[PDB]
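First comes the structure, then the notes that go with it.
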Amino acid sequence: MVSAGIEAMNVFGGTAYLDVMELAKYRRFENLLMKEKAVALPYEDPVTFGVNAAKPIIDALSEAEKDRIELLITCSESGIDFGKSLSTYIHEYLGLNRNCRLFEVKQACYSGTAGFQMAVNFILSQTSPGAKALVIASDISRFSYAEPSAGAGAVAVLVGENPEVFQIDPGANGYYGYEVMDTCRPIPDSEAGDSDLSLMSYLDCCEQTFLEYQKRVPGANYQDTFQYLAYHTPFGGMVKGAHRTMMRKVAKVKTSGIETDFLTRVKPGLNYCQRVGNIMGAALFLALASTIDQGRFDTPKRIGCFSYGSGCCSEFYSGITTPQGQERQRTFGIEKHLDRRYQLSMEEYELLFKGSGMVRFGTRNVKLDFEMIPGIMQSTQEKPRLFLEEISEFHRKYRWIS
Amino acid sequence: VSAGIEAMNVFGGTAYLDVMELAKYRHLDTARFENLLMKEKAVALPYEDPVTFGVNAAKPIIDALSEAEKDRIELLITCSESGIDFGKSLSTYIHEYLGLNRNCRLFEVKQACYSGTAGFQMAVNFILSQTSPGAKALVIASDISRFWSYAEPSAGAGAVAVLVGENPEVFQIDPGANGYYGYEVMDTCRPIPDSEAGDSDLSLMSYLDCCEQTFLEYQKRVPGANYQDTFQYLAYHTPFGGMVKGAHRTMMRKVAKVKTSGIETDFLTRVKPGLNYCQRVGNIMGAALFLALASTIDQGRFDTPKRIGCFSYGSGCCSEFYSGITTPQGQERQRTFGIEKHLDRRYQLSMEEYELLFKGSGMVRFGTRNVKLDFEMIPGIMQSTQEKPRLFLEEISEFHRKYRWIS
């Protein structure tokens, strides 16, 4: 009847980043498909990241197409308020039409997929024919073995009725959730709990989501049905591990062919995760976007996506991306934008770390210095970017910088 | 395919106090209270939280379902601004203690008091999408107020659970009949763990702006819609009855453009029913509109199917106006939950008991890592009423919450 999914998607992978191994030295042989991690500056927040992710999408839309954006869901665990959604600020600085539902969803790293699935149902519901939605997953890590791994990033996803970049397979969904005692975020500016069960639950969910998908999609098969696979990816290493486990557990193939399957179906999805680090609720979208830019779509290919969030909830779902989709995605130049970011030295990193306190969950009044790390602003010369200028009686003021 | 509320129930606290009594005991200007239609406010005990409230709201709904119907619950959204964690959703704990099937999406939505409606509208679209035919969803709006001065007597605690599905006798929504409107505004927000801040200076102006613009958007999509004749009752986000009375008046002048003399009558026949339960509970934030909807259905007249119009607002802000039909059968279903009876059975705090509670509310405070709760800290309350089993917070251990059923 009516199709639904991603019409466009873009990644904002920070203004600044550091070299993961360098930071380990300055602080052995883990070395686990990490290379770079993005780092939120103090004049940056989840609004900044979300707006900067979504701006290139909105820029490319006509005035009429933009006014059809009628749902803006931001997905995060880096909330700035217990009641005010990040979506309010984002709605303002992207200049969206007021005829728009806006809110924030939260379930650890499942947030993005939850937001996306609700957006998809808005489209399929046809409660507003021709409408679009914008789902923005945005997370940052402020502040031992988590520090070099923990990133900052956002992925914006425009959803609608002509989804050349990722047309979902309606109803082809295996969702699974249950309460588990796991690493959570019970304190304002930090984490707590235990990643001791994390992997076990991720793998449990990974299996059970696919089995639920098979139950609703008869004939589905983990090896042949999917030409690429994308996973919630905190770091490449554990996804490589989880893929291996899936091929033994579920696909039940011989050990010798697994490395090949990983390289052809999963490695493309992992490219951008190495440039940015764990971006939590945006990690799966990042991997999806990596998959689409780094893979091959001479003809339409099916991609299977697994989403997981601690606590926990999870979902496995799938969609088609076409040659035209991949073309659209290339115009955003994600890789080029990653190449242009500013590399912190360890000394600069220390100035940032000691400065991150001035913007800390309770902060009522603060004025930010964009020159606090002198080189960064006037360093690249690109499209305008949003930054946090000040907090005044808890209300946030943002500024465009060219 | 139809969609909407198949059942709905309210949990209005274990304990409550008399609002005027609390104003006196705090030595406040009684005048600033006198026309606001407030009587009682519910108060979360320290052994209660948004999970407790949510679970207790939803339990009777789940009890009334067959095993098979319950296993079709595939979406659990909880709607709050009283979150307990930056990433772990209240839905995880609620999913556990209601015993739902693991084949279920779960998460939390947040936009001030719009949270509930946002959750409910996403749930409706799950049903209309037919991505899982026969599936149901459960949307639970749950908020509590822990502890500026003039908010204390007004600020309540409560939850409303809403089962959404394909045979909605209690509120069948009108698909696409939706006027949503939002924009950024500097308003009263919740930027600190256990409190509020900002300014209710623009709040009313924005609530009224939104109330008008949502209906105009609704008209734009529903040609022929009319604020007076189309809706046999109207429900609003209601923090307290007084401002909804005011906002209805304003709407009848601004939008319906009727003569001043007939407005009081229109308020009494179309709005006053919806305000009954709010007086018993106080402002329950994201659940307030659902509370008023439930009040409307229990207290109104549905000899024949009536259309109800609902206005949802949340500071910051976002808002939506939408409508549905409720049938005589719907109102019957709703009566089986005995909401009024449950409100009658709550424990009334004295001011001395209220002080013990207030000084105790600190031990359960957003950052709390380890605590053991005393259910006898206010001696009379537990073994007071004799009702179905109820969930309470027993302990927090390394940030993980443990809950207990008490018969």
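Our numbering is plain: 1 for the first residue shown, then up by one each step along the chain.
So this one's X-ray crystallography, 2.5 Å, going by the header.
The backbone N, Cα and C atoms fix where each Cβ goes, and this holds for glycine too.
Record features, source Swiss-Prot:
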| type | residues | note |
| --- | --- | --- |
| ACT_SITE | A:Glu77 | active site, proton donor/acceptor |
| ACT_SITE | A:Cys109 | active site, acyl-thioester intermediate |
| ACT_SITE | A:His232 | active site, proton donor/acceptor |
Close in space, distant in sequence - A:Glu77 (active site, proton donor/acceptor), Cβ under 8 Å, 6 or more apart: A:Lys106, A:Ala108, A:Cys109, A:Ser111, A:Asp139, A:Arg185, A:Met280, A:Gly281
Spatial reach required of the 5 unmodelled residues, as Cα distance in Å from A:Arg27 to A:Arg28: 11
Gap-flanking C-alpha distance, A:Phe143-A:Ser144 [13 residues absent from model], angstrom: 11
A:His232 (active site, proton donor/acceptor) CB neighbourhood, other CB atoms within 10 A: 31
Mapped DSSP class for A:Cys109 (active site, acyl-thioester intermediate), helix or strand or coil: strand
